[PDB]
């Protein structure tokens, strides 16, 4: 019985999305940008290019101005499509030189109305970009060793790596090599250009890459016999049907990582479902097959050998975000700063690149939690840096809230969203800071808040202390507005799991601060000593949670 799987012989398209990939190599659309589209403009762009093949090059069309959630749906595309683009720049590892960061700044100030926002996958995204300047931009990014290749599309998304790869004192190893090997080997190459859906990778020495929710994850663990290598995890995801990735129970050494990554992706290519668009993510295959069959197939058909068994890394009790100052293997310091919901500007990035030059620093990393850290600051030139960054509003000593808050793009730019998230976040933070500085000392433990535009969970709705899922709501049977559902007490690391939903409960855009304030206060009210938020939630009564 057919599910669209290549490996079972069913190579026949069953989607419009699968249909468009059978029409040449999607990535081939780059000639057409430079040759045709950047020269003729938005309206020349064939619609199967604009909506399909543009994705393989980091170009999603942004939402047209002044259409609220009322208008959100597959059937309003012509209306919702603004003649501008969100261009996503691929940063495998968050890793960047100061020259590279510089370029990202000026590209934004110049081409993207100063918009630059750090994604929770270590990328930057621009908005207000026009096709005319795409060729100029590619040309420019190349100078600094950056591309947009497969930053969107049915292909491997950015590979996450630790913001502190190679300098962290706690890391099991530095797997940067493996990342760069994967990118050098495999990005832009025909073999993995066509996958049932998107494909997300995390590789790190630390559990600081939200690994449990990636399609494939490689995580430092000491093997008692074989030494520092990587633990392999597979089948994660969070959209509208969240599933934690699971241990394959294998241990992979650094050098074999890119080989084993290619294996896994290969299994996705061939056995992944291609009938339903909503059922195409690897996770669904893993759910169906079970972990053991997966490993069986993986060894027997693609690696041609068993993967050496190995232990799980010991799950951390607290997420590792790298905000703040820390000593390096260097003998130097690194600096983690927090913007609000990843929101920086073209100006900020350049202004930052310059402060780095002042410090002698040439290494910066973006963070899987929309943050950025500067590396190799010597003690001597550190305070003059921090003050330089605080000046741009990039706080290295942020508050509880500013530090542990994410938002997606939402209805500001995103054509799929029901609510405003990012701008909303720029104001909610000060409101919470001054509203709850009151209770602040009594919180010995952080509260994480993720504001999501719609159910897609781009800012990780399910795995926050307080998670907000943007749905359309009714207001006295007069008219439908924007609003959020709450998911509470979801965490990664030790005993990972998702936040609970509440029965008949909605939070309008205005009420966000009200709800947070209340449930936080009720937390402190009913909590026990040392008890984390998430722990309370599981025993808490419905009423204290509303």
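Numbering follows the first chain given and starts at 1.
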property: Residue stretch of maximal mean CA temperature factor, 492 to 500 vs 35 to 43; result: 35 to 43
property: Mean temperature factor over C-alpha atoms, higher-scoring stretch between 140 to 148 and 172 to 180; result: 140 to 148
property: Residue, from 444, 321, 301, 376, that the PDB entry assigns the highest Cα B-factor; result: 444
property: Candidate set 407, 155, 334, 80 [ranked by C-alpha B-factor, highest]; result: 80
property: CA B-factor placement of residue 74, once the chain's modelled residues are sorted into thirds; result: highest
property: Chain third (lowest, middle, highest) by recorded CA B-factor, residue given as residue 84; result: highest
property: Residue 313 - which third its CA temperature factor falls in, relative to the rest of the chain; result: middle
property: Residue 470 - which third its CA temperature factor falls in, relative to the rest of the chain; result: highest
property: Relative C-alpha B-factor of residue 231, binned into the chain's lowest, middle or highest third; result: lowest
